[PDB]
Each structure stands twice: as C-alpha cells, then as structure tokens.
Amino acid sequence: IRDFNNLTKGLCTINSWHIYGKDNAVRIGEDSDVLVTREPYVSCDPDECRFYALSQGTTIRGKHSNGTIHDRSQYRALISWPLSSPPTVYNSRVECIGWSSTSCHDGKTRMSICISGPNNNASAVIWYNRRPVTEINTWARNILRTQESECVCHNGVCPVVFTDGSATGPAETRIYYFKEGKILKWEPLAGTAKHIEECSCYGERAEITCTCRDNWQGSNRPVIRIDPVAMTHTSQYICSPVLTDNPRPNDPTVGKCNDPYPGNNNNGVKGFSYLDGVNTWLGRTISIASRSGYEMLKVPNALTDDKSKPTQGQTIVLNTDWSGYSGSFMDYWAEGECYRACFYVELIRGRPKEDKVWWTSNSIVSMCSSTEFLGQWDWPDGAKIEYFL
Amino acid sequence: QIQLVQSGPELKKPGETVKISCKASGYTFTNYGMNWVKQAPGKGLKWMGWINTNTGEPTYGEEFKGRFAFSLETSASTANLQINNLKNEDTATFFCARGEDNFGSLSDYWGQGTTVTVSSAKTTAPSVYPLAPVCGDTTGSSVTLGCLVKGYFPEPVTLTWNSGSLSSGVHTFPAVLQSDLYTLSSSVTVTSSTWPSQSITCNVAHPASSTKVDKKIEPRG
Ligand SMILES: *[C@@H]1O[C@H](CO)[C@@H](O[C@@H]2O[C@H](CO)[C@@H](O[C@@H]3O[C@H](CO)[C@@H](O)[C@H](O[C@H]4O[C@H](CO)[C@@H](O)[C@H](O)[C@@H]4O[C@H]4O[C@H](CO)[C@@H](O)[C@H](O)[C@@H]4O[C@H]4O[C@H](CO)[C@@H](O)[C@H](O)[C@@H]4O)[C@@H]3O)[C@H](O)[C@H]2NC(C)=O)[C@H](O)[C@H]1NC(C)=O
Ligand SMILES: *[C@@H]1O[C@H](CO)[C@@H](O)[C@H](O)[C@H]1NC(C)=O
Ligand SMILES: *[C@@H]1O[C@H](CO)[C@@H](O)[C@H](O)[C@H]1NC(C)=O
Ligand SMILES: [Ca+2]
C-alpha cells in the first residue's frame, strides 16, 4: 500500500485458533545452517508477513553457540526471514544491531528499533525505511529495553513502550510516539501499573492495547491502552483471577484490577491477550513454575471483572513440552470486515533446563483466529536434545 | 481430587524383579508426567527420573540407568517402576510423584510409597502375647497394659486395641529386627474403671503370613 495505515476495524470473533506458521528451526538446524536466535515475533508488511527474532551470531551447530544463554552481547542483531523458513545464515536479513527490539510497518514503510550497549550506557536507534533516522540515549542507566514483538501504527504515529531502570523495583517506563522515525512526543507511564516489561500490542478501532510483564510483583499482567490520535495512555492490570504471568501463584477466585497480584516476586515471561469484552482470550503457560505448555482460554470480560473464569479453551503446546515467550501480531492489510487476531509462542530449547547442550535457542509456532470451532492439536518444537551430542 | 495410590510393600530375595504400580486419580494423566523418587532408609530423598506420560519417553537419573525401567499402563492411568536383578541395597521406599511441569522439577502431589525389603529371609508369622500388669498403679487410677508381637517377617503388622475403638493412650513402638525377625509392642493406658471390667483386646494382623490374632489381656493378677 502507499498510504498510511489507519486501524479502522475491530477484532473478528475468536472461536478457536488455526496454525498460521511453524518454523521447525531446531529440528532443521541440526543439519542445516540455522542461526541461534531467541525473543522471536512476527510482523506484517502490506506485502508479506515475516518472522522476526534476535539472532546471536552463530549457527546452532557451530562451536560459538556455546554460551548463548546470555541475553545481550554485541553479536546479537534483529533479523527477518520468510514465514515459516528457519532463520538461516543465507536467507536472513538484518534490520539492525542490538539486543532488544520492536519493529512495525506504518503502511508506507517500516520502523525497526534496536537497543544496544553496556547496561549503563545503552542506546536505541530508530531505523525508518532501512536508514537510521533518530537515536535515544539511556535515561536511567540500567538496561534500556523495549517490546520484543511488533509496535502498531495509526496514521503514521507508532507508540513504542520502553523501560529503563530496575527489573526488581521501580523503573522508568516511557511511551514514545514516533512518526516517520522522528519523535513527536513522549510520556511517562501513567496508570495503576507498577512495573512494565516486554509489552505485546495490537490495535483495533483506533486504539492500541498492550498486555505487558510485571517483573517486580505481578502474576496478573499490566495493560496499557494507547490513543495514537490524542497521544495519551492509561495503565491498569487484568482484573481476572485467571493469572497469566509465569511463574505464578495458584489462580485465586477474585483477582486485582489495580494492583499486582501477590505471590511470585522478581520474575516473569513476555505474554499477550486479546481483550475485547466477551470476545476475550488470554494466553498462559500450563505450568505455574516453568515455561512448559501453552494454552489459550476464553475468559469474557477478564480486563474488568475480578471474578472472570474461563468458558472455552485451547491447548497449543502440551505441558510435557517447552514453551517460552509469546506476543501478538495481526495482518492489518488483510482484506475483510474485521481483523484476525494472531499470536506466536517462542519454543525455547537448550540451556538451562536441557543443559546437556551448551546453547539456548528456540523455534516458532503461530496461530490466528477462526470463527469456526476447529479441532485442536498441539505443536512441539520437536528436536531430540540427544542428537546434538 | 488428585490421588496417586501405590501398590503395597514387597519382599523379594536378591536377584528378583519387582513391578511397583502408581494409579493416578484426579488429573488428565497425559498432561502431567511422573517423577519416581527413592527415599532410602537413612539417606534422604533422591530423584530416580521422569517419564513423559504423553510420548512415553523415560529419563533416568545416572544412578538409575540400567536395572531400572519406567513404563505405563496409559490406558488405566498407571505408571510403573520395575527394578530388575534386585540388589540387597535397594531396600527403601519409592514414591511416584506427579511432576507439575516438563521434566518434573516440581513434585506437587506424591503417592503413599511402596517399600521393598530385599531379603532372603523367610516369612514368619508372629507370636502375640497379652502383657497384663503385676499391678503398681501406673499413674493415678490408670492401668497400663500391653501386647508384645514377637518373631515375624516381614514387616508390617497391624496392631489395633479393640478394633481401633481404643485410640487414646496407645503407643505402638516401631518394630526392630534382631538378625532375622521383628519384635514390636504397644502400651495402652486405661482407667481402673475400664479394665478388668471391660474387655481390652489387642488385635494383630500379619497379612504376609495371613495371621490375624485377637489376644484378650486377661487380668492375671
Ligand atoms: C476436538 O477439539 C476441540 C477444540 O479444541 C476439543 O474441545 C475443547 O476441549 C478443551 C479441552 O477439554 C476445552 O477446554 C477447556 O474448557 C473449559 C471450559 O468448559 C476450561 O475451563 C478448561 O480450562 C481449565 O482446564 C485446563 C485443562 O483442562 C487448564 O489447563 C486451564 O488452566 C483451566 O484450568 C485451570 O484454571 C481455571 C481457572 O482458574 C481453574 O478453574 C482450574 O481449576 C485450573 O486451575 C489450575 O491450573 C492452572 C494451570 O493449569 C493453575 O495456574 C491454577 O492455579 C490451578 O492449579 C479448558 O480450556 C475447550 O473449551 C473445548 N472447546 C470446544 C470448542 O469444545 C475437543 O476436546 C477435541 N475432541 C476430541 C474428540 O479430541
Ligand atoms: C486516518 O485517520 C485519521 C483520524 O484517525 C484521519 O484524519 C485521516 O484522514 C485518515 N487517513 C487515511 C488515509 O485513512
Ligand atoms: C563452552 O563449552 C565448553 C564445552 O563445550 C565448556 O567447557 C566451556 O567452559 C564453555 N564456555 C566457554 C567460554 O568456552
Ligand atoms: Ca510477573
């Protein structure tokens, strides 16, 4: 398309999910040249949807994959490769260098942001149209981070949530509103949310909704709802007792709309939700202590009701298999009356639970909604840690 | 809700094989694999491995790769432990535990335990003796009296005073093994109004030898 995108539709009814994309990265990367990645996501241009992830500068099999448990180094880069290919050395494309990213297409071209540097002197440079436009230095000197899933734009404005400061406390979260890679405005986190990490966002009907991570005290997730037209936001938590961070305490009967739900402290996992009244689905790990399994539950009015319990559900990865990061994306340039809600799950593999190998890496499963009620299967990464020995 | 009920305790002479069952209740078998833990008499708790009740693949702890084999009657929600070519130092209790997650890092919900006693000793039925006092009022208007269940193999033995209707002031001591067999006793303290007037009986079942004895503690004073 050659004109800015405007979020003029609402979600479609979510009555089950169907597979959209599957990688099989780690099973193929046992013999081919696949790159070690982590923090995946998916994002669509008007033209194509592509898988996106943070790379580690080595292939699974090469000797340099030893040590990729580590989150940030100067050999990480945000790459892109076609939907359902593995992230190969030969078909990947680097969008920028850094260890935390977000990227989105405003309708005319795309914004990609990589953050880089030492933990006390990190920088973000915002690439607009494969050229570096603006950069932002750190403001609280402690690991400036950002989304790890796509940003969303409305008429050229693309809000992006950044956090800088402790992960075990108060930190400094700001919402930036870029347009054509330039900073129109920015604001501090405002709302009842206590800490913000790795927001997963989608937009419909001119409003952007982000479901995030409270790493400091939450087991229920902060929601930030942004108005890209007035460039303002509010934050609250999901009211539902169906707790969705991980690790988590056991689900209560009454949740907490304005406060962290108490139980696990100083930990979390990136996660998403489609919050649309009765049409609300939530994703969560099946395990309470670990990144294993992944289910999607329909919990109507979960955002506002502190007694919301599931009414339909769907198993995406069995609890006997590993899951990991999850986030949302939508094909905004898909034809039709409404938007088809989609999500991805990161399937982490390697260190530290499967320490027999010295790499950590992952693969991708993505699903998108249907209105049919479709049968469910589960979707394992699939590799045998024993053939890499 | 969740019950993992295990088989009863066996005796086996060195060299034999044993299959210990774990029947699961309350959850969907398939979404939660099984941890097998060995709590050895002195030593404490040890992870023996985990079985993926979905695919069926077992992980063994290195200490357990070899004579140990996990399997499952999927169909009946049973997981099983099989220890082949039993070594004498395998006497201990084995617990199946449900593993909360992939790999079983968390055992939420444990079974009762199945205790194995590897031993070439032959099963012996007990001797139950009514131990009635040559008085000496054991505390103000209280008479203590007892039961000595001597010479049986293997343990357990079930000692109740009067069908378990007598629960207060019973002390049943742990059995002790003197070379080949066990000696166990239990005191019960009643008031002087309750005995010899009421009938106190010590009921002893040794199910290994199909003994069930009822010894009335006769006044004999
Ligand atoms: C063909 O495919 C169709 C479509 O997939 C199949 O039909 C679907 O089948 C699904 C499975 O039966 C069914 O999902 C279930 O829907 C009910 C609504 O009636 C929903 O409550 C279920 O969700 C709970 O149970 C699952 C496991 O069954 C849990 O993993 C999940 O977390 C939910 O339970 C937990 O949270 C609840 C809310 O707090 C608690 O009430 C509950 O106690 C439990 O809490 C514990 O677990 C948590 C972690 O697991 C933990 O944090 C917490 O602290 C507690 O410890 C489930 O979604 C679909 O609705 C159904 N769909 C359709 C369209 O019919 C069909 O089976 C297939 N057919 C064949 C022949 O194979
Ligand atoms: C996009 O939306 C804004 C208001 O949200 C409107 O003023 C603008 O003209 C729209 N442009 C296009 C190309 O849809
Ligand atoms: C990498 O792996 C080797 C074994 O492959 C290990 O001994 C070593 O400490 C690891 N770390 C580095 C930096 O080599
Ligand atoms: Ca949390």
# chains A, B, ... in the order shown; residues from 1 in each chain; ligands from 1
$ residues_near_ligand --ligand "ligand 3" --cutoff "7 Å" --atoms "only C-alpha atoms and all ligand atoms" --output "ChimeraX atom specification"
/A:66-67,358
$ interface_residues --of "chain B" --to "chain A" --cutoff "6 Å" --atoms "only C-alpha atoms" --output "list in words"
residues 31, 101 and 102 of chain B
$ residues_around --residues "residue 106 of chain B" --least-positions-apart "2" --cutoff "12 Å" --atoms "only C-alpha atoms" --output "PDB file with C-alpha atoms, in the first residue's frame"
ATOM      1  CA  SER A 287       2.898 -24.952  34.217  1.00  0.00           C
ATOM      2  CA  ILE A 288       2.906 -22.430  37.140  1.00  0.00           C
ATOM      3  CA  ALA A 289       6.624 -22.690  37.842  1.00  0.00           C
ATOM      4  CA  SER A 290       8.020 -23.176  34.293  1.00  0.00           C
TER       5      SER A 290
ATOM      6  CA  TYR B  32       1.483 -34.387  33.662  1.00  0.00           C
ATOM      7  CA  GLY B  33       4.388 -36.774  33.690  1.00  0.00           C
ATOM      8  CA  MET B  34       5.716 -38.870  36.628  1.00  0.00           C
ATOM      9  CA  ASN B  35       8.662 -38.498  38.902  1.00  0.00           C
ATOM     10  CA  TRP B  47      15.206 -38.236  42.030  1.00  0.00           C
ATOM     11  CA  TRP B  50      10.813 -38.778  34.994  1.00  0.00           C
ATOM     12  CA  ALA B  97       5.235 -38.125  42.439  1.00  0.00           C
ATOM     13  CA  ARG B  98       3.346 -36.147  39.806  1.00  0.00           C
ATOM     14  CA  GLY B  99       5.615 -33.659  38.097  1.00  0.00           C
ATOM     15  CA  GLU B 100       3.956 -30.214  37.748  1.00  0.00           C
ATOM     16  CA  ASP B 101       5.990 -29.301  34.699  1.00  0.00           C
ATOM     17  CA  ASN B 102       8.037 -30.643  31.830  1.00  0.00           C
ATOM     18  CA  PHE B 103      10.748 -32.745  33.488  1.00  0.00           C
ATOM     19  CA  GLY B 104       9.220 -32.753  36.886  1.00  0.00           C
ATOM     20  CA  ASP B 108       3.195 -31.316  43.659  1.00  0.00           C
ATOM     21  CA  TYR B 109       1.179 -34.421  44.757  1.00  0.00           C
ATOM     22  CA  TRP B 110       3.132 -37.511  45.884  1.00  0.00           C
TER      23      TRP B 110
END
$ select_by_dssp --residues "chain B" --states "helix (DSSP H, G or I)" --output "VMD selection string"
chain B and resid 29 to 31 62 to 64 74 to 76 88 to 90
$ residues_near_ligand --ligand "ligand 1" --cutoff "8 Å" --atoms "only C-alpha atoms and all ligand atoms" --output "MDAnalysis selection string"
(chainID A and resid 15:16 241:244 248:253 285:288 295:298 309:315 373:377) or (chainID B and resid 28)
$ residues_near_ligand --ligand "ligand 2" --cutoff "7 Å" --atoms "only C-alpha atoms and all ligand atoms" --output "list in words"
residues 3, 4, 5, 6, 154, 155, 206 and 229 of chain A
$ closest_atom_pairs --of "chain A" --to "ligand 4" --cutoff "6 Å" --atoms "only C-alpha atoms and all ligand atoms" --output "tab-separated table"
residue	atom	partner	partner_atom_place_in_ligand_line	distance
A:213	CA	ligand 4	1 (Ca)	5.9
A:214	CA	ligand 4	1 (Ca)	4.4
A:215	CA	ligand 4	1 (Ca)	4.4
A:217	CA	ligand 4	1 (Ca)	5.8
A:218	CA	ligand 4	1 (Ca)	3.9
A:219	CA	ligand 4	1 (Ca)	4.4
A:245	CA	ligand 4	1 (Ca)	5.1
A:267	CA	ligand 4	1 (Ca)	5.4
A:268	CA	ligand 4	1 (Ca)	4.1
$ select_by_dssp --residues "segment 6-181 of chain B" --states "strand (DSSP E or B)" --output "ChimeraX atom specification"
/B:6,10-12,18-25,34-40,44-51,58-60,65,68-73,78-83,92-99,107-110,114-118,124,127-131,142-153,158-161,166,170-172,176-178,181
$ residues_around --residues "residue 343 of chain A" --least-positions-apart "5" --cutoff "12 Å" --atoms "only C-alpha atoms" --output "compact mmCIF listing (two decimals) with C-alpha atoms, in the first residue's frame"
# COMPACT_ATOMS: atom_id res chain seq x y z
CA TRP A 17 -7.34 -20.83 16.58
CA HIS A 18 -5.79 -22.32 13.41
CA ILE A 19 -1.96 -22.73 12.70
CA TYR A 20 -0.57 -19.86 10.74
CA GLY A 21 3.18 -20.59 10.81
CA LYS A 22 5.62 -23.21 12.07
CA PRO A 40 11.08 -14.20 18.23
CA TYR A 41 7.98 -12.44 16.87
CA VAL A 42 6.10 -11.96 13.59
CA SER A 43 5.14 -8.74 11.82
CA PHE A 51 9.21 -13.99 11.17
CA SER A 149 7.18 -8.00 19.43
CA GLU A 150 5.84 -5.55 16.85
CA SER A 200 2.73 -7.27 23.35
CA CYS A 201 0.33 -4.95 21.47
CA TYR A 202 -2.34 -4.95 18.74
CA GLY A 271 2.85 -12.75 27.21
CA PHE A 272 -0.21 -11.40 25.30
CA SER A 273 -4.05 -11.15 25.35
CA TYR A 274 -6.91 -10.16 23.05
CA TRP A 281 -8.88 -14.73 25.10
CA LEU A 282 -5.84 -14.97 27.31
CA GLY A 283 -2.69 -16.99 26.76
CA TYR A 294 0.84 -23.07 26.43
CA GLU A 295 -2.98 -22.70 26.48
CA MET A 296 -5.40 -20.05 25.32
CA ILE A 316 -1.35 -25.10 21.93
CA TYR A 325 7.84 -16.01 25.09
CA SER A 326 4.55 -15.12 23.48
CA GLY A 327 3.22 -11.99 21.82
CA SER A 328 0.60 -10.69 19.39
CA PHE A 329 0.59 -9.55 15.78
CA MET A 330 -2.21 -9.03 13.18
CA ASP A 331 -2.26 -8.77 9.45
CA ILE A 364 8.22 -20.61 16.48
CA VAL A 365 4.58 -21.75 16.34
CA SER A 366 1.95 -19.01 15.39
CA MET A 367 -1.81 -19.33 15.35
CA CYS A 368 -4.58 -16.94 14.06
CA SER A 369 -8.34 -16.91 14.97
$ residues_around --residues "residue 112 of chain B" --least-positions-apart "3" --cutoff "9 Å" --atoms "only C-alpha atoms" --output "ChimeraX atom specification"
/B:4-7,94-96
$ write_last_selection --atoms "C-alpha atoms" --output "short mmCIF file (atom, residue, chain, number, x, y, z; two decimals), in the first residue's frame"
data_model
loop_
_atom_site.label_atom_id
_atom_site.label_comp_id
_atom_site.auth_asym_id
_atom_site.auth_seq_id
_atom_site.Cartn_x
_atom_site.Cartn_y
_atom_site.Cartn_z
CA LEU B 4 -1.73 -41.36 43.48
CA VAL B 5 -2.22 -44.69 45.24
CA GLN B 6 0.69 -47.11 45.06
CA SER B 7 0.99 -50.88 45.34
CA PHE B 94 9.78 -45.49 46.26
CA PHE B 95 7.29 -42.72 45.75
CA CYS B 96 5.68 -41.89 42.43
#
$ residues_around --residues "residue 65 of chain B" --least-positions-apart "6" --cutoff "12 Å" --atoms "only C-alpha atoms" --output "list in words"
residues 48, 49, 50, 58, 59, 82, 83 and 84 of chain B
$ closest_residue --among "B:25, B:141, B:54, B:17" --to "residue 87 of chain B" --atoms "only C-alpha atoms"
B:17
$ atom_distance --atom1 "atom CA of residue 2 of chain B" --atom2 "atom CA of residue 22 of chain B"
12.3 Å
$ residues_around --residues "residue 75 of chain B" --least-positions-apart "5" --cutoff "12 Å" --atoms "only C-alpha atoms" --output "PDB file with C-alpha atoms, in the first residue's frame"
ATOM      1  CA  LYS B  23      -2.529 -45.465  39.808  1.00  0.00           C
ATOM      2  CA  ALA B  24      -3.332 -41.802  39.235  1.00  0.00           C
ATOM      3  CA  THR B  28      -5.533 -35.883  32.988  1.00  0.00           C
ATOM      4  CA  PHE B  29      -2.652 -38.342  33.045  1.00  0.00           C
ATOM      5  CA  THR B  30      -1.393 -37.139  29.738  1.00  0.00           C
ATOM      6  CA  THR B  53       3.253 -39.794  30.115  1.00  0.00           C
ATOM      7  CA  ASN B  54       2.414 -38.300  26.743  1.00  0.00           C
TER       8      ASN B  54
END
$ atom_distance --atom1 "atom CA of residue 148 of chain A" --atom2 "atom CA of residue 270 of chain A"
8.4 Å
$ atom_distance --atom1 "atom CA of residue 39 of chain A" --atom2 "atom CA of residue 233 of chain A"
25.8 Å
$ decode --residues "segment 6-25 of chain B" --atoms "N, CA and C atoms" --output "PDB file, in the first residue's frame"
ATOM      1  N   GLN B   6      -0.378 -46.253  45.555  1.00  0.00           N
ATOM      2  CA  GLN B   6       0.686 -47.113  45.064  1.00  0.00           C
ATOM      3  C   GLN B   6       0.430 -48.542  45.459  1.00  0.00           C
ATOM      4  N   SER B   7       1.140 -49.514  44.871  1.00  0.00           N
ATOM      5  CA  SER B   7       0.993 -50.875  45.337  1.00  0.00           C
ATOM      6  C   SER B   7       1.520 -51.029  46.768  1.00  0.00           C
ATOM      7  N   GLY B   8       1.184 -52.176  47.342  1.00  0.00           N
ATOM      8  CA  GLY B   8       1.606 -52.494  48.683  1.00  0.00           C
ATOM      9  C   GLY B   8       3.064 -52.936  48.689  1.00  0.00           C
ATOM     10  N   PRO B   9       3.658 -53.124  49.859  1.00  0.00           N
ATOM     11  CA  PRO B   9       5.099 -53.236  50.062  1.00  0.00           C
ATOM     12  C   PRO B   9       5.634 -54.637  49.732  1.00  0.00           C
ATOM     13  N   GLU B  10       6.683 -54.874  48.946  1.00  0.00           N
ATOM     14  CA  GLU B  10       7.095 -56.249  48.797  1.00  0.00           C
ATOM     15  C   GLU B  10       8.380 -56.655  49.412  1.00  0.00           C
ATOM     16  N   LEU B  11       8.402 -57.970  49.564  1.00  0.00           N
ATOM     17  CA  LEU B  11       9.580 -58.691  49.991  1.00  0.00           C
ATOM     18  C   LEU B  11      10.058 -59.437  48.758  1.00  0.00           C
ATOM     19  N   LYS B  12      11.360 -59.482  48.464  1.00  0.00           N
ATOM     20  CA  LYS B  12      11.909 -60.191  47.306  1.00  0.00           C
ATOM     21  C   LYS B  12      13.355 -60.613  47.649  1.00  0.00           C
ATOM     22  N   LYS B  13      13.821 -61.841  47.339  1.00  0.00           N
ATOM     23  CA  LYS B  13      15.169 -62.322  47.679  1.00  0.00           C
ATOM     24  C   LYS B  13      16.070 -61.712  46.598  1.00  0.00           C
ATOM     25  N   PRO B  14      17.366 -61.498  46.837  1.00  0.00           N
ATOM     26  CA  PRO B  14      18.269 -60.915  45.855  1.00  0.00           C
ATOM     27  C   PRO B  14      18.167 -61.627  44.522  1.00  0.00           C
ATOM     28  N   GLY B  15      18.259 -60.803  43.484  1.00  0.00           N
ATOM     29  CA  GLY B  15      18.205 -61.309  42.128  1.00  0.00           C
ATOM     30  C   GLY B  15      16.865 -61.131  41.467  1.00  0.00           C
ATOM     31  N   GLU B  16      15.763 -61.183  42.230  1.00  0.00           N
ATOM     32  CA  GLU B  16      14.432 -60.991  41.664  1.00  0.00           C
ATOM     33  C   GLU B  16      14.097 -59.651  40.984  1.00  0.00           C
ATOM     34  N   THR B  17      12.886 -59.505  40.450  1.00  0.00           N
ATOM     35  CA  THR B  17      12.400 -58.305  39.766  1.00  0.00           C
ATOM     36  C   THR B  17      11.139 -57.831  40.493  1.00  0.00           C
ATOM     37  N   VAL B  18      10.834 -56.543  40.471  1.00  0.00           N
ATOM     38  CA  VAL B  18       9.594 -56.082  41.054  1.00  0.00           C
ATOM     39  C   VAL B  18       8.955 -55.026  40.152  1.00  0.00           C
ATOM     40  N   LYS B  19       7.622 -55.056  40.096  1.00  0.00           N
ATOM     41  CA  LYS B  19       6.905 -54.053  39.351  1.00  0.00           C
ATOM     42  C   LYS B  19       5.991 -53.390  40.384  1.00  0.00           C
ATOM     43  N   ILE B  20       6.285 -52.103  40.636  1.00  0.00           N
ATOM     44  CA  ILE B  20       5.568 -51.229  41.558  1.00  0.00           C
ATOM     45  C   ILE B  20       4.635 -50.360  40.705  1.00  0.00           C
ATOM     46  N   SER B  21       3.329 -50.405  40.951  1.00  0.00           N
ATOM     47  CA  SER B  21       2.368 -49.587  40.255  1.00  0.00           C
ATOM     48  C   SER B  21       2.059 -48.312  41.012  1.00  0.00           C
ATOM     49  N   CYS B  22       1.657 -47.282  40.237  1.00  0.00           N
ATOM     50  CA  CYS B  22       1.208 -45.971  40.686  1.00  0.00           C
ATOM     51  C   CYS B  22      -0.035 -45.623  39.871  1.00  0.00           C
ATOM     52  N   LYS B  23      -1.241 -45.673  40.472  1.00  0.00           N
ATOM     53  CA  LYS B  23      -2.529 -45.465  39.808  1.00  0.00           C
ATOM     54  C   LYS B  23      -2.907 -44.034  40.118  1.00  0.00           C
ATOM     55  N   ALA B  24      -3.108 -43.224  39.081  1.00  0.00           N
ATOM     56  CA  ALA B  24      -3.332 -41.802  39.235  1.00  0.00           C
ATOM     57  C   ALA B  24      -4.792 -41.428  39.226  1.00  0.00           C
ATOM     58  N   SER B  25      -5.222 -40.479  40.040  1.00  0.00           N
ATOM     59  CA  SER B  25      -6.605 -40.066  40.030  1.00  0.00           C
ATOM     60  C   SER B  25      -6.676 -38.550  40.119  1.00  0.00           C
TER      61      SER B  25
END
